[PDB]
Every structure is written in structure tokens, then in C-alpha cells.
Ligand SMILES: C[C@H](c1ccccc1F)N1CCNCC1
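Only one chain is shown below, in C-alpha cells, and it's the form deposited without the named molecule.
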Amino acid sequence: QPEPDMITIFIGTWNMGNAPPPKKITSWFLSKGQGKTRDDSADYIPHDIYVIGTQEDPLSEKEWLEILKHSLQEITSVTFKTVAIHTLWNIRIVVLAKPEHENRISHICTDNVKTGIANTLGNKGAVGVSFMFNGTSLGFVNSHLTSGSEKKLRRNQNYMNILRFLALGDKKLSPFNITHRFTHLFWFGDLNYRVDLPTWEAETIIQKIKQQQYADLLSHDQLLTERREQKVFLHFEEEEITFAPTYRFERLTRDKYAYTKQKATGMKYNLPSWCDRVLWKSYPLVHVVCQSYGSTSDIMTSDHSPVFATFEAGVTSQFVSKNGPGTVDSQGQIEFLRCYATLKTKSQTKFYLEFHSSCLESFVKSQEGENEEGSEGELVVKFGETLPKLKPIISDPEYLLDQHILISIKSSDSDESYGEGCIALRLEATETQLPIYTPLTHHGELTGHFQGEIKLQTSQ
């Protein structure tokens, strides 16, 4: 029975509006409704993994698990296994997998982050799950961010708190936040970004939605505009939105958007918005393809419609050679040559690198680099040909060319990371000096760049 080199992943996000679901929710898991939808010919084909995020979820874990599992069994005739379930307040994540995957999944982690302070602490935040699927790390975050059209900056702050403080994945990757710990990271939820148009334009916006003319609305979507200005979700992807705004509907129909201010809304307008989103970030040159992104039309218990996204995702096998794991393979080496970091910092400490990768027995610390001044004000840290030669555990090119090296640049004075990035070993050639490059981030914001050349020796 061969190990897979691809899986499909279903991501669902639904703000349930504190109401129980209707009796049938199968359209959600079938990716049917509006937007980029799944072909009917695939309806019986189970996804490998289903990740369900809910917000304002009124159900117990048991109640929702029974609905989800019975839904999938009706669609696929497969009884899915529960990988993980985690709930913070009314924010929940469920991971289900096909039974054949039970002994491919390990290192399951869960965590939550509570956002805000005092007034603003008590219902918003995020839950997450991570695990290994054979040789591939997978992370999933369901966040319910701050509501209200005039709170985009608070949402951006909520995002940074969640990626700083959510403790998923390999804790040995200590310099790295969740945006670097996984081969594939999926971040979804009620992100609560709104279409920023004047209140007076409510009926005009409704008109546009009825005509399925989303361009002039999407150009005012706060998440797209904040991402384009690098204020949030730096280096994440989102599929093009081709479905109507998923909020705010009158319940029990989809014929009406309920946007006007009410005591129940704190006298706030809720212009039709794409509150409910799926984004992802995968390591460089790993296969990931969005095969659906849309909303259901027939689930109407909430003032939000459910959103679905599905993905092809490249995965690798749990590789054993005669040498590693448990020793190095002298036929393998990674050399970083003529490398330099460009940092935005004004500090003047010395810096060193750390190289982290599951292709190494443990992380590797470099010597300190040589600081110079860049022509436009910047710090340039030069490493020359001084960097330690990295000794992978396995030299086989079918393994090594699928690996990645995480890089942290750390202050000698404080041992704090000033920047993190990732280099793919999926090179055009081995035994050949080739350009490499990663942006460097810290707390998910851009802090610099790392560039240079690599020379990779494999057993071939």
C-alpha cells in the first residue's frame, strides 16, 4: 500500500450565530453553492483531512462531532476518525481524517490564544491544531477576530497576537512562530474584515451583489487592502473571491442582507462583507493548489453563510536510510556561500545565524557575521564563506531535494531573533552554486532579507 505524495484537505469556516445548524449541511463539505465550486463527479470522493472551524458555536463538542461525522458518512460512506477537537469559548476547531491515515498522523498539538485586554478579553481569539502527516507538518488556525467596520487595526493586532502566542508544532523550533513551523499552514475564520464603503451606499452594494458584480466591492475589502499594504497576513495566499459577501444575512433566507444599525448590533451598521475567509502559507516550492473556494447557499440558520476551501497539498514519506535517522550520511552536505542578511534594525549588536531543519540531527549555530552599513541606511551582516557545512541525516536526493532550511538571525547580545525565513532545497541542480533568497520576518512583520548562494551535495 503506497504512501501518498499528495492529499486533499477540506477547510470549512462557519460563524453559526449561536444557533443550531439545520438538519442537512452536506453542501458545505461538497463545496457546492457560490464561488469556485467542486465538480459533481467528485461528490463521493472523500478528502483526506477535513478541518472545520466554527465561531459563535452553541453546540457541545459531542453534539457537533456527531453532526460532522454523520454528514461525512452520508456523503462518502466512510467513518472518519477524530484527530483533534479544541474549543475556546464558542470558537472551535475539529480535524477529521480518513481511517487509512490514522497511523500516518502523529505529534498532534492544540492551543488557543485569547485576544484583547479587560473590556476586549472574553470572546475573541483563536484555536489551532497541528500534526505531522508522514514527513509533512500541517498547521490549522481558526480565528474569530474583533468585529466592527472601524476596527481593522484591532483585527491586525489580533492577528499578530495569535501568530506570536499560539504554541503549535515543534517546540524545538524556538525562534520560529507558526508562520514558519509548518510545510502547510491554513488560517481561516471569521476574520471580520469589512467592505469599507459609506453607510449611505448600502442599497447600492446590495444591487451590485444581486448582479454578481463583486469587483467594486472587493477593491474596498479591508483584508485585501490591508494585505496589499503589508499590514497583515504577510506572505499568505488567498484564492480569488467569486462568491457573494457571507455576512450579514437575515436568518432562514439568503434573500436579504440585514445591514441597518440596531440595539442588538450596538447601533453599528453591518454592510455586506466577506467576513469569513481561508488563507494559507506553504514552504517555498511545495505543491499547494486551491481546488474550491466558495460559500453555501442552502444553510441559513446563521447570519453568516458557511465558507469552504479545498486544497491539493504535497506530502512526503517518513524516510529511512541505512544511515539516518540516528546518524549523518557523509554523502550529503549543504553549503551556504557569500551569504548576507540585510536588516531594518537600528541596533548595532553582532548577529549569528541558526539553521533549523528536520534533515539535521539538531539546529546549527553559525559564527558571528561582519556588520557593514548599506548605502541607503541599512544594516548588512556578511557571513562570507564562514558558515558551518550542514550535515543532513539522509543524502538520497529523493529525500533531500524535498527539504527546507529555516534561518533565524539572532543578536549575540540578547539571543533574540531579529528575523526568520525559509530556504527550499528543491534546487535546479546539485553540486552547483545557486542563488537563494528569503525575506526575513519577526512577529510576522518584515525585518529584512537573507540572500546568497547554496551548494547541495546529494548521493547522486
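The numbering used is simple: start at 1 and walk along the sequence shown.
S.K.: Comparing 409-417 with 28-36, which has the greater mean CA B-factor as deposited?
M.R.: Comparing averages over the C-alpha atoms only gives 409-417.
S.K.: Tell me which stretch has the larger mean Cα B-factor in this entry, 237-245 or 313-321.
M.R.: The stretch with the larger mean CA B-factor is 313-321.
S.K.: Of the choices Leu168, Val288, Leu252, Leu218, which one's C-alpha carries the largest B-factor in the record?
M.R.: That would be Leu252, according to the entry.
S.K.: Which listed residue, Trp187, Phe336, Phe133, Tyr193, has the largest C-alpha temperature factor in the record?
M.R.: When the deposited C-alpha B-factors of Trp187, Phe336, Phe133, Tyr193 are compared, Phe336 is largest.
S.K.: What third of the chain does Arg227 rank in for C-alpha temperature factor, lowest, middle or highest?
M.R.: Its C-alpha B-factor belongs to the middle third of this chain's values.
S.K.: Using the temperature factors of the C-alpha atoms in this entry, rank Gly53 within its chain: lowest, middle or highest third.
M.R.: It belongs to the lowest third of the chain when residues are ordered by C-alpha B-factor.
S.K.: Lowest, middle or highest third: which one holds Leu390 when the chain's residues are ordered by CA B-factor from the entry?
M.R.: Ranked within chain, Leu390 CA B lands in the highest tercile.
S.K.: Split into thirds by Cα B-factor across the chain's modelled residues, where does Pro198 land: lowest, middle or highest?
M.R.: Top third by C-alpha B-factor.
S.K.: Sort the modelled residues of this chain by their C-alpha B factor and say whether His180 lands in the lowest, middle or highest third.
M.R.: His180: CA B-factor falls in the lowest third of its chain.
Quick note: we don't show the form deposited with the named molecule bound, though the next part is all about it.
S.K.: Taking 4.5 Å between heavy atoms as the contact cutoff, choose which of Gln212, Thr260, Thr327, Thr82 touches the named molecule in the deposited complex.
M.R.: If I apply the 4.5 Å criterion carefully, the residue I get is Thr82.
S.K.: Between the options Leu390, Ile206, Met300, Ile105, which residue brings a heavy atom to within 4.5 Å of the named molecule in the deposited complex?
M.R.: The residue from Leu390, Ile206, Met300, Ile105 that makes the contact is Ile105.
S.K.: At the 4.5 Å heavy atom threshold, is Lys268 in contact with the named molecule in the deposited complex?
M.R.: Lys268 lies outside the contact set for the named molecule.
S.K.: Please run the contact check for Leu145 against the named molecule in the deposited complex: heavy atoms, 4.5 angstroms, yes or no?
M.R.: Flag for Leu145 set to no.
S.K.: Does at least one non-hydrogen atom of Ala97 fall within 4.5 angstroms of the named molecule in the deposited complex?
M.R.: Answer yes; at least one heavy atom of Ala97 falls within 4.5 Å of the named molecule in the deposited complex.
S.K.: Decide whether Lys344 counts as a contact residue for the named molecule in the deposited complex under a heavy atom distance cut-off of 4.5 Å.
M.R.: Close contact is absent here: in the deposited complex, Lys344 is far from the named molecule, nothing within 4.5 Å, heavy atoms only.
S.K.: Tell me the stretch among 105-113, 248-256, 306-314, 195-203 that has any heavy atom within 4.5 angstroms of the named molecule in the deposited complex.
M.R.: One stretch meets the cut-off, namely 105-113.
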